[PDB]
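Descriptive analysis of the structure
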Amino acid sequence: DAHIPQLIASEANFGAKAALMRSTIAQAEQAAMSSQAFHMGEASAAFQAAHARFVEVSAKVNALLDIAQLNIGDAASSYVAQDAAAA
Amino acid sequence: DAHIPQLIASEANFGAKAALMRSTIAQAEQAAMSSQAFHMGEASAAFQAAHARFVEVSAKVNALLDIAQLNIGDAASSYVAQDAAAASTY
Amino acid sequence: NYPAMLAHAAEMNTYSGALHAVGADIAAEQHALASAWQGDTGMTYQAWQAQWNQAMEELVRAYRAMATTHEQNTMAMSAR
Amino acid sequence: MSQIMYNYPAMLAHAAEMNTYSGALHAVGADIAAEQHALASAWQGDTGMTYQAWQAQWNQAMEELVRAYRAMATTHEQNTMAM
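For this deposition, the record names X-ray crystallography as the technique by which the model was determined and cites 2.70 Å as its resolution.

Time to look at the packing of aromatic side chains. All told, the structure shown has seven aromatic pairs over all chains when counted by the stated rule. An angle of 5° between the planes, with centres 5.1 Å apart, marks the rings of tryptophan 54 of chain D and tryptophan 58 of chain D as stacked. Separated by four residues within a single helix, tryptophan 54 of chain D and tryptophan 58 of chain D lie in helix 3 (residues 51–80), roughly one turn from each other. Both residues of the pair, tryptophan 54 of chain D and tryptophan 58 of chain D, belong to the buried class. By way of ring pairs, the aromatic residues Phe14 of chain A together with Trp43, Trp54 and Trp58 of chain D are connected into one cluster.

Here we come to the interface of chain D and chain A. Often, the extent of an interface is quoted as the loss of accessible area on bringing the components together. Contact with chain D, which involves 34 residues of that partner, is made by 35 residues of chain A. The element contributing the most residues to the side of chain D that touches chain A is helix 3 of chain D, with 15 residues. The class makeup of the residues in the side of chain D that touches chain A is 19 nonpolar, nine polar and six charged.

To continue, consider the nonpolar core. Membership of the largest hydrophobic core comes to 42 residues, with the highest contact counts inside it found for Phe54 and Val61 of chain B together with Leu19, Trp48, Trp52 and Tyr63 of chain C. Among the secondary structure elements, those contributing two or more residues to this core are helix 1 (3–33), helix 2 (42–72) and helix 3 (74–89) of chain B together with helix 1 (2–32) and helix 2 (45–79) of chain C. Grouped together as the second largest cluster of nonpolar side chains are 36 residues, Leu7 and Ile67 of chain A together with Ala61 and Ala68 of chain D included.

About the thresholds
Residues numbered from 1 in each chain as written, not as in the entry; some residues may be left out. Chains lettered and ligands numbered in written order. Heavy atoms only, no water. Residues with missing side-chain atoms left out of burial classes, pairs and counts. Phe/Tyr/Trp six-rings, centres within 6.5 Å; stacked < 30°, edge-to-face > 60°. Helix = DSSP H or I, 4+ residues; strand = E, 2+ residues; numbered from the N terminus. Buried < 20%, exposed > 50% of the residue type's maximum accessible area, 1.4 Å probe, protein only. Contact = heavy atoms within 4.5 Å. Nonpolar A, V, L, I, M, F, W, Y, C, P; charged D, E, K, R; others polar. Core = buried A, V, L, I, M, F, W, Y, C linked by side-chain atoms within 4.5 Å.

Spelled out as structure tokens, the structure:
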């Protein structure tokens, strides 16, 4: 009844947060990229290693948010909204 | 190269606003439902007609946001992020 | 009563303004990101821009119709 | 002279900025996790992944993202104070 809009709203809000998370990872990546007026040798090696890892884990986090968006996020709320229109 | 994080960011931000529209539509609907009660007959029928129309167009706008998302939004950004990671390690 | 109703009217007018503002903002952002757009479904960015704007007008007009009908009705109640 | 002493103010400011992103990533991740819990009963076996399984994988991945990011931050600070 009134549950439906409240569900749609909440699923949208989670969906916005998932997207802001994604945006934040990218921004963080750009801040890290510009810190590269700095390193050389084994600290750059440590930095490159740490970077490669951070890229790797991001892909993981984006993969996980794809799953959540389908279940309770932006896709989920879109589905419910259109479903309520159909019915 | 550094263009990639900018793209991902730009798209994710678009994806957020898409979700925030869906949220605004939903909050507008709650405010609409809670203000039907008052009316009766002709004034009500006009409201219900205006409501059924609004619920229809939200569906279309949601369908339209779904397209935006895949092209330049939440999903697009995810694909660029994950694609950047697979190319980076390989 | 008149206040409960008139409060709800003002509540709805918030959302009319909100729906418009963000839709326009979305419109602008989709244009700004035109170069990142391809025919995924098969829909062009121009097609989407036009369809988006058109659909944002009818959505806000649907909603304002509720707010107005609610507003015009309540004014009739207090005069009764 | 030192070139590390010459750029100290900006390198320090830049450390401050990177660390700001550690905090933002932690916070947004915690929210996402709380909200995913709040929405549990909306979650179905769509992927085949339960909500409990996702919660756990989310927190794990987030803890790993912040540490990976903090490793880079530290690599920077090491120069700023190498001086």
